[PDB]
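Q: Dropping in coords34.cif, which is mmCIF, C-alpha atoms:
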```cif
data_structure
#
loop_
_atom_site.group_PDB
_atom_site.id
_atom_site.type_symbol
_atom_site.label_atom_id
_atom_site.label_comp_id
_atom_site.auth_asym_id
_atom_site.auth_seq_id
_atom_site.Cartn_x
_atom_site.Cartn_y
_atom_site.Cartn_z
ATOM 1 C CA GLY H 965 9.777 -2.414 0.478
ATOM 2 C CA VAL H 966 6.012 -2.229 0.062
ATOM 3 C CA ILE H 967 3.896 -4.859 -1.656
ATOM 4 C CA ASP H 968 4.746 -8.546 -1.764
ATOM 5 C CA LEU H 969 1.652 -9.958 -3.459
ATOM 6 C CA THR H 970 0.053 -13.369 -3.929
ATOM 7 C CA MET H 971 -2.691 -15.067 -5.925
ATOM 8 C CA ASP H 972 -0.758 -18.108 -7.043
ATOM 9 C CA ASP H 973 0.675 -19.455 -3.905
ATOM 10 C CA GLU H 974 3.641 -17.423 -2.714
ATOM 11 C CA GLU H 975 6.486 -19.158 -4.531
ATOM 12 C CA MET L 1 8.662 -7.099 6.133
ATOM 13 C CA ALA L 2 8.799 -3.328 6.612
ATOM 14 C CA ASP L 3 12.471 -3.439 5.616
ATOM 15 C CA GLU L 4 13.999 -2.953 2.184
ATOM 16 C CA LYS L 5 15.495 -6.090 0.661
ATOM 17 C CA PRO L 6 18.820 -6.121 -1.210
ATOM 18 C CA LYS L 7 18.856 -7.373 -4.786
ATOM 19 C CA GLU L 8 22.221 -6.448 -6.303
ATOM 20 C CA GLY L 9 23.281 -8.947 -8.953
ATOM 21 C CA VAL L 10 19.991 -10.851 -8.747
ATOM 22 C CA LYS L 11 18.034 -11.022 -11.998
ATOM 23 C CA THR L 12 15.025 -12.916 -10.754
ATOM 24 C CA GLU L 13 13.954 -14.053 -7.305
ATOM 25 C CA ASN L 14 12.889 -17.674 -6.724
ATOM 26 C CA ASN L 15 10.326 -18.833 -9.282
ATOM 27 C CA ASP L 16 10.174 -15.754 -11.466
ATOM 28 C CA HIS L 17 9.561 -12.971 -8.967
ATOM 29 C CA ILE L 18 10.323 -9.436 -10.199
ATOM 30 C CA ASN L 19 9.240 -6.010 -8.908
ATOM 31 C CA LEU L 20 7.268 -3.259 -10.601
ATOM 32 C CA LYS L 21 6.155 0.200 -9.448
ATOM 33 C CA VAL L 22 3.064 2.116 -10.471
ATOM 34 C CA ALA L 23 3.204 5.901 -10.514
ATOM 35 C CA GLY L 24 0.326 8.347 -10.760
ATOM 36 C CA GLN L 25 -0.148 11.670 -12.466
ATOM 37 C CA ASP L 26 0.382 13.356 -9.112
ATOM 38 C CA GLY L 27 3.742 11.686 -8.496
ATOM 39 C CA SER L 28 2.409 9.167 -5.988
ATOM 40 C CA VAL L 29 4.051 5.767 -6.333
ATOM 41 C CA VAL L 30 3.780 2.266 -4.872
ATOM 42 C CA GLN L 31 5.900 -0.772 -5.738
ATOM 43 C CA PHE L 32 4.931 -4.402 -5.760
ATOM 44 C CA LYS L 33 6.787 -7.720 -6.052
ATOM 45 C CA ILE L 34 5.159 -10.042 -8.494
ATOM 46 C CA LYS L 35 5.487 -13.144 -10.523
ATOM 47 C CA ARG L 36 5.770 -13.383 -14.228
ATOM 48 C CA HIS L 37 2.519 -15.046 -15.257
ATOM 49 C CA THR L 38 0.469 -13.220 -12.601
ATOM 50 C CA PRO L 39 -1.863 -10.590 -14.097
ATOM 51 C CA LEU L 40 -1.401 -6.855 -13.675
ATOM 52 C CA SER L 41 -4.742 -6.772 -11.888
ATOM 53 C CA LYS L 42 -3.121 -8.192 -8.755
ATOM 54 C CA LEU L 43 -0.796 -5.272 -8.257
ATOM 55 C CA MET L 44 -3.622 -2.904 -9.233
ATOM 56 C CA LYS L 45 -5.896 -4.211 -6.507
ATOM 57 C CA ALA L 46 -2.991 -4.027 -4.085
ATOM 58 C CA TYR L 47 -2.455 -0.399 -5.135
ATOM 59 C CA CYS L 48 -6.053 0.310 -4.174
ATOM 60 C CA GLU L 49 -5.609 -1.305 -0.756
ATOM 61 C CA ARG L 50 -2.393 0.498 0.108
ATOM 62 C CA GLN L 51 -2.691 3.875 -1.548
ATOM 63 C CA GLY L 52 -6.408 4.511 -1.258
ATOM 64 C CA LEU L 53 -7.829 4.332 -4.766
ATOM 65 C CA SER L 54 -10.815 2.767 -6.538
ATOM 66 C CA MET L 55 -9.913 0.192 -9.179
ATOM 67 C CA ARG L 56 -12.308 1.324 -11.900
ATOM 68 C CA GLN L 57 -11.209 4.941 -11.512
ATOM 69 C CA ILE L 58 -7.571 4.225 -12.332
ATOM 70 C CA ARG L 59 -6.234 2.739 -15.552
ATOM 71 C CA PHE L 60 -2.644 1.911 -16.402
ATOM 72 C CA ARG L 61 -0.545 2.795 -19.421
ATOM 73 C CA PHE L 62 2.856 1.958 -20.767
ATOM 74 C CA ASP L 63 4.343 4.772 -22.866
ATOM 75 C CA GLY L 64 1.049 5.873 -24.388
ATOM 76 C CA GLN L 65 -0.283 2.331 -24.793
ATOM 77 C CA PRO L 66 -3.139 0.973 -22.687
ATOM 78 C CA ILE L 67 -2.294 -2.095 -20.620
ATOM 79 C CA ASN L 68 -5.249 -4.156 -19.551
ATOM 80 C CA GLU L 69 -6.059 -6.262 -16.479
ATOM 81 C CA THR L 70 -5.591 -9.459 -18.472
ATOM 82 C CA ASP L 71 -2.128 -8.239 -19.468
ATOM 83 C CA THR L 72 0.856 -9.417 -17.551
ATOM 84 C CA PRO L 73 4.519 -8.982 -16.670
ATOM 85 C CA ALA L 74 5.301 -11.655 -19.259
ATOM 86 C CA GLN L 75 3.169 -10.002 -21.915
ATOM 87 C CA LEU L 76 4.335 -6.449 -21.314
ATOM 88 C CA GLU L 77 7.871 -7.730 -20.689
ATOM 89 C CA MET L 78 8.325 -6.082 -17.289
ATOM 90 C CA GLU L 79 11.665 -5.851 -15.497
ATOM 91 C CA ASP L 80 12.881 -6.622 -11.990
ATOM 92 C CA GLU L 81 12.143 -2.962 -11.381
ATOM 93 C CA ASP L 82 9.522 -1.846 -13.912
ATOM 94 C CA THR L 83 7.770 1.519 -14.001
ATOM 95 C CA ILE L 84 4.103 1.719 -14.984
ATOM 96 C CA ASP L 85 2.087 4.912 -15.386
ATOM 97 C CA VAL L 86 -1.474 5.733 -14.326
ATOM 98 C CA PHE L 87 -4.186 7.882 -15.812
ATOM 99 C CA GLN L 88 -7.381 8.650 -13.927
ATOM 100 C CA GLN L 89 -10.120 7.592 -16.252
ATOM 101 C CA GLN L 90 -13.732 8.436 -17.045
ATOM 102 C CA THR L 91 -15.611 5.190 -17.591
ATOM 103 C CA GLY L 92 -19.043 6.556 -18.446
ATOM 104 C CA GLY L 93 -21.012 4.536 -15.920
#
```
Here is a file; write its structure as structure tokens.
A:
Amino acid sequence: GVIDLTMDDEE
Amino acid sequence: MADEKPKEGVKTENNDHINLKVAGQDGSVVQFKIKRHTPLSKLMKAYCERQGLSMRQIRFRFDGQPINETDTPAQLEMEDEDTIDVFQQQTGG
């Protein structure tokens, strides 16, 4: 489990 | 966090989250967990942060087709575990 990304808000 | 999350029998995770991995020419690979409308650029910049690359020096392909930063998991029709390929690219300036 590497990248959990965001640029949108998380959900 | 640093752990691996289960996903068996789960198509999509809460509000259209799916995972893709990007693999280089040299067999180096990082995965990312991403949302459907979000551009491919987000994982690409994340790839640079984690795996030590410059964003203009790497370009992504899907089965001999260029995929562009404005392209997307929706547009390329990426899976819950997609696999995307990298070529190291001469940009001429």
Q: Starting from the PyMOL selection byres ((chain H) within 7 of (chain L)), expand the selection into actual residues of this file and give them as a short mmCIF file (atom, residue, chain, number, x, y, z; two decimals) with C-alpha atoms, keeping the file's coordinate frame.
A:
```cif
data_model
loop_
_atom_site.label_atom_id
_atom_site.label_comp_id
_atom_site.auth_asym_id
_atom_site.auth_seq_id
_atom_site.Cartn_x
_atom_site.Cartn_y
_atom_site.Cartn_z
CA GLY H 965 9.78 -2.41 0.48
CA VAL H 966 6.01 -2.23 0.06
CA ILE H 967 3.90 -4.86 -1.66
CA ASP H 968 4.75 -8.55 -1.76
CA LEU H 969 1.65 -9.96 -3.46
CA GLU H 975 6.49 -19.16 -4.53
#
```
Q: Run the PyMOL selection byres ((chain L and resi 73) around 8) against the file shown and list the residues it catches, as a ChimeraX atom specification.
A: /L:35-40,71-72,74-79
Q: Quick one: distance from atom CA of residue L:62 to atom CA of residue L:23 in Å, one decimal?
A: 11.0 Å
Q: What gap, in Å, lies between atom CA of residue L:41 and atom CA of residue L:55?
A: 9.1 Å
Q: Tell me which protein, DNA and RNA residues are within 8 Å of residue L:22, counting all atoms listed in the file, leaving out same-chain ones fewer than 6 positions away, and put them as a PDB file with C-alpha atoms, in the coordinates of the input.
A:
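Heads up, here's the output in selection_9.pdb:
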```
ATOM      1  CA  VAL L  29       4.051   5.767  -6.333  1.00  0.00           C
ATOM      2  CA  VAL L  30       3.780   2.266  -4.872  1.00  0.00           C
ATOM      3  CA  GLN L  31       5.900  -0.772  -5.738  1.00  0.00           C
ATOM      4  CA  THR L  83       7.770   1.519 -14.001  1.00  0.00           C
ATOM      5  CA  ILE L  84       4.103   1.719 -14.984  1.00  0.00           C
ATOM      6  CA  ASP L  85       2.087   4.912 -15.386  1.00  0.00           C
ATOM      7  CA  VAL L  86      -1.474   5.733 -14.326  1.00  0.00           C
TER       8      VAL L  86
END
```
Q: Between atom CA of residue L:60 and atom CA of residue L:91, what is the spacing in Å?
A: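 Interatomic distance, atom CA of residue L:91 to atom CA of residue L:60: 13.4 Å.
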Q: If I only want stretch 62-91 of chain L, can you write it with N, CA, C and O atoms, as a PDB file, in the first residue's frame?
A:
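Below is the file that was written, result-v5.pdb:
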```
ATOM      1  N   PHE L  62      -0.315   3.577 -22.774  1.00  0.00           N
ATOM      2  CA  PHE L  62      -1.133   2.412 -22.611  1.00  0.00           C
ATOM      3  C   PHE L  62      -1.145   1.640 -23.894  1.00  0.00           C
ATOM      4  O   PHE L  62      -1.736   2.068 -24.885  1.00  0.00           O
ATOM      5  N   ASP L  63      -0.475   0.473 -23.919  1.00  0.00           N
ATOM      6  CA  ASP L  63      -0.386  -0.452 -25.014  1.00  0.00           C
ATOM      7  C   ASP L  63      -0.035   0.154 -26.341  1.00  0.00           C
ATOM      8  O   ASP L  63      -0.690  -0.057 -27.361  1.00  0.00           O
ATOM      9  N   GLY L  64       1.041   0.962 -26.368  1.00  0.00           N
ATOM     10  CA  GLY L  64       1.496   1.667 -27.534  1.00  0.00           C
ATOM     11  C   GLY L  64       0.776   2.933 -27.862  1.00  0.00           C
ATOM     12  O   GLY L  64       1.024   3.531 -28.909  1.00  0.00           O
ATOM     13  N   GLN L  65      -0.144   3.415 -27.006  1.00  0.00           N
ATOM     14  CA  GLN L  65      -0.836   4.656 -27.201  1.00  0.00           C
ATOM     15  C   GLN L  65      -0.375   5.650 -26.180  1.00  0.00           C
ATOM     16  O   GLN L  65      -0.406   5.320 -24.995  1.00  0.00           O
ATOM     17  N   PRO L  66       0.053   6.842 -26.502  1.00  0.00           N
ATOM     18  CA  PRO L  66       0.233   7.902 -25.542  1.00  0.00           C
ATOM     19  C   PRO L  66      -0.978   8.252 -24.733  1.00  0.00           C
ATOM     20  O   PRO L  66      -2.063   8.418 -25.291  1.00  0.00           O
ATOM     21  N   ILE L  67      -0.818   8.431 -23.409  1.00  0.00           N
ATOM     22  CA  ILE L  67      -1.841   8.929 -22.534  1.00  0.00           C
ATOM     23  C   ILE L  67      -1.305  10.192 -21.940  1.00  0.00           C
ATOM     24  O   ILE L  67      -0.122  10.307 -21.625  1.00  0.00           O
ATOM     25  N   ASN L  68      -2.145  11.237 -21.846  1.00  0.00           N
ATOM     26  CA  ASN L  68      -1.671  12.578 -21.655  1.00  0.00           C
ATOM     27  C   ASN L  68      -2.089  13.038 -20.296  1.00  0.00           C
ATOM     28  O   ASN L  68      -2.960  12.435 -19.675  1.00  0.00           O
ATOM     29  N   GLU L  69      -1.514  14.116 -19.732  1.00  0.00           N
ATOM     30  CA  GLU L  69      -1.814  14.544 -18.393  1.00  0.00           C
ATOM     31  C   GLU L  69      -3.237  14.930 -18.137  1.00  0.00           C
ATOM     32  O   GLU L  69      -3.745  14.786 -17.027  1.00  0.00           O
ATOM     33  N   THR L  70      -3.928  15.405 -19.189  1.00  0.00           N
ATOM     34  CA  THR L  70      -5.324  15.746 -19.200  1.00  0.00           C
ATOM     35  C   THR L  70      -6.205  14.540 -19.311  1.00  0.00           C
ATOM     36  O   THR L  70      -7.404  14.605 -19.040  1.00  0.00           O
ATOM     37  N   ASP L  71      -5.666  13.359 -19.667  1.00  0.00           N
ATOM     38  CA  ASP L  71      -6.378  12.117 -19.645  1.00  0.00           C
ATOM     39  C   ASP L  71      -6.533  11.601 -18.247  1.00  0.00           C
ATOM     40  O   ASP L  71      -5.973  12.104 -17.274  1.00  0.00           O
ATOM     41  N   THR L  72      -7.377  10.568 -18.074  1.00  0.00           N
ATOM     42  CA  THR L  72      -8.027  10.323 -16.813  1.00  0.00           C
ATOM     43  C   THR L  72      -8.321   8.866 -16.634  1.00  0.00           C
ATOM     44  O   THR L  72      -8.339   8.136 -17.625  1.00  0.00           O
ATOM     45  N   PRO L  73      -8.575   8.365 -15.452  1.00  0.00           N
ATOM     46  CA  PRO L  73      -9.102   7.041 -15.243  1.00  0.00           C
ATOM     47  C   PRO L  73     -10.437   6.777 -15.864  1.00  0.00           C
ATOM     48  O   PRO L  73     -10.695   5.630 -16.227  1.00  0.00           O
ATOM     49  N   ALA L  74     -11.320   7.784 -15.979  1.00  0.00           N
ATOM     50  CA  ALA L  74     -12.568   7.668 -16.680  1.00  0.00           C
ATOM     51  C   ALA L  74     -12.387   7.529 -18.158  1.00  0.00           C
ATOM     52  O   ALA L  74     -12.987   6.683 -18.821  1.00  0.00           O
ATOM     53  N   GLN L  75     -11.509   8.371 -18.729  1.00  0.00           N
ATOM     54  CA  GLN L  75     -11.224   8.451 -20.131  1.00  0.00           C
ATOM     55  C   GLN L  75     -10.471   7.271 -20.661  1.00  0.00           C
ATOM     56  O   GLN L  75     -10.801   6.728 -21.714  1.00  0.00           O
ATOM     57  N   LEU L  76      -9.451   6.784 -19.930  1.00  0.00           N
ATOM     58  CA  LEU L  76      -8.731   5.607 -20.325  1.00  0.00           C
ATOM     59  C   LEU L  76      -9.378   4.339 -19.855  1.00  0.00           C
ATOM     60  O   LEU L  76      -9.009   3.241 -20.267  1.00  0.00           O
ATOM     61  N   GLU L  77     -10.414   4.432 -19.001  1.00  0.00           N
ATOM     62  CA  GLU L  77     -11.207   3.333 -18.527  1.00  0.00           C
ATOM     63  C   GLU L  77     -10.454   2.389 -17.637  1.00  0.00           C
ATOM     64  O   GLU L  77     -10.567   1.167 -17.720  1.00  0.00           O
ATOM     65  N   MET L  78      -9.642   2.939 -16.717  1.00  0.00           N
ATOM     66  CA  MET L  78      -8.845   2.249 -15.745  1.00  0.00           C
ATOM     67  C   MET L  78      -9.616   1.434 -14.751  1.00  0.00           C
ATOM     68  O   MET L  78     -10.751   1.750 -14.396  1.00  0.00           O
ATOM     69  N   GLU L  79      -9.014   0.327 -14.280  1.00  0.00           N
ATOM     70  CA  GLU L  79      -9.589  -0.602 -13.351  1.00  0.00           C
ATOM     71  C   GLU L  79      -9.254  -0.241 -11.938  1.00  0.00           C
ATOM     72  O   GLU L  79      -8.487   0.677 -11.659  1.00  0.00           O
ATOM     73  N   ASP L  80      -9.808  -1.008 -10.981  1.00  0.00           N
ATOM     74  CA  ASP L  80      -9.477  -1.037  -9.586  1.00  0.00           C
ATOM     75  C   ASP L  80      -8.045  -1.366  -9.295  1.00  0.00           C
ATOM     76  O   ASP L  80      -7.527  -1.018  -8.235  1.00  0.00           O
ATOM     77  N   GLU L  81      -7.402  -2.103 -10.218  1.00  0.00           N
ATOM     78  CA  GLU L  81      -5.985  -2.328 -10.260  1.00  0.00           C
ATOM     79  C   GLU L  81      -5.501  -2.233 -11.677  1.00  0.00           C
ATOM     80  O   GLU L  81      -5.283  -3.251 -12.334  1.00  0.00           O
ATOM     81  N   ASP L  82      -5.311  -1.017 -12.231  1.00  0.00           N
ATOM     82  CA  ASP L  82      -4.789  -0.839 -13.558  1.00  0.00           C
ATOM     83  C   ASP L  82      -3.293  -0.912 -13.601  1.00  0.00           C
ATOM     84  O   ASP L  82      -2.616  -0.769 -12.583  1.00  0.00           O
ATOM     85  N   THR L  83      -2.727  -1.122 -14.803  1.00  0.00           N
ATOM     86  CA  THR L  83      -1.308  -1.154 -15.036  1.00  0.00           C
ATOM     87  C   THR L  83      -0.953  -0.287 -16.202  1.00  0.00           C
ATOM     88  O   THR L  83      -1.381  -0.516 -17.334  1.00  0.00           O
ATOM     89  N   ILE L  84      -0.131   0.750 -15.963  1.00  0.00           N
ATOM     90  CA  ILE L  84       0.236   1.788 -16.885  1.00  0.00           C
ATOM     91  C   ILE L  84       1.719   1.754 -17.088  1.00  0.00           C
ATOM     92  O   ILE L  84       2.476   1.479 -16.159  1.00  0.00           O
ATOM     93  N   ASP L  85       2.211   1.967 -18.324  1.00  0.00           N
ATOM     94  CA  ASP L  85       3.590   1.771 -18.666  1.00  0.00           C
ATOM     95  C   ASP L  85       4.264   3.079 -18.952  1.00  0.00           C
ATOM     96  O   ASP L  85       3.634   4.042 -19.385  1.00  0.00           O
ATOM     97  N   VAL L  86       5.578   3.186 -18.676  1.00  0.00           N
ATOM     98  CA  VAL L  86       6.340   4.399 -18.776  1.00  0.00           C
ATOM     99  C   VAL L  86       7.392   4.274 -19.832  1.00  0.00           C
ATOM    100  O   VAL L  86       8.039   3.236 -19.962  1.00  0.00           O
ATOM    101  N   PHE L  87       7.610   5.337 -20.626  1.00  0.00           N
ATOM    102  CA  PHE L  87       8.792   5.470 -21.427  1.00  0.00           C
ATOM    103  C   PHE L  87       9.488   6.735 -21.036  1.00  0.00           C
ATOM    104  O   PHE L  87       8.866   7.743 -20.702  1.00  0.00           O
ATOM    105  N   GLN L  88      10.833   6.719 -21.022  1.00  0.00           N
ATOM    106  CA  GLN L  88      11.632   7.860 -20.669  1.00  0.00           C
ATOM    107  C   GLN L  88      11.916   8.662 -21.902  1.00  0.00           C
ATOM    108  O   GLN L  88      12.476   8.162 -22.876  1.00  0.00           O
ATOM    109  N   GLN L  89      11.497   9.940 -21.936  1.00  0.00           N
ATOM    110  CA  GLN L  89      11.232  10.617 -23.174  1.00  0.00           C
ATOM    111  C   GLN L  89      12.015  11.875 -23.382  1.00  0.00           C
ATOM    112  O   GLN L  89      12.123  12.732 -22.509  1.00  0.00           O
ATOM    113  N   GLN L  90      12.582  12.036 -24.592  1.00  0.00           N
ATOM    114  CA  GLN L  90      13.334  13.179 -25.019  1.00  0.00           C
ATOM    115  C   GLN L  90      12.439  14.280 -25.498  1.00  0.00           C
ATOM    116  O   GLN L  90      11.732  14.142 -26.496  1.00  0.00           O
ATOM    117  N   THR L  91      12.415  15.429 -24.797  1.00  0.00           N
ATOM    118  CA  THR L  91      11.446  16.464 -25.035  1.00  0.00           C
ATOM    119  C   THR L  91      11.983  17.643 -25.785  1.00  0.00           C
ATOM    120  O   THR L  91      11.253  18.570 -26.137  1.00  0.00           O
TER     121      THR L  91
END
```
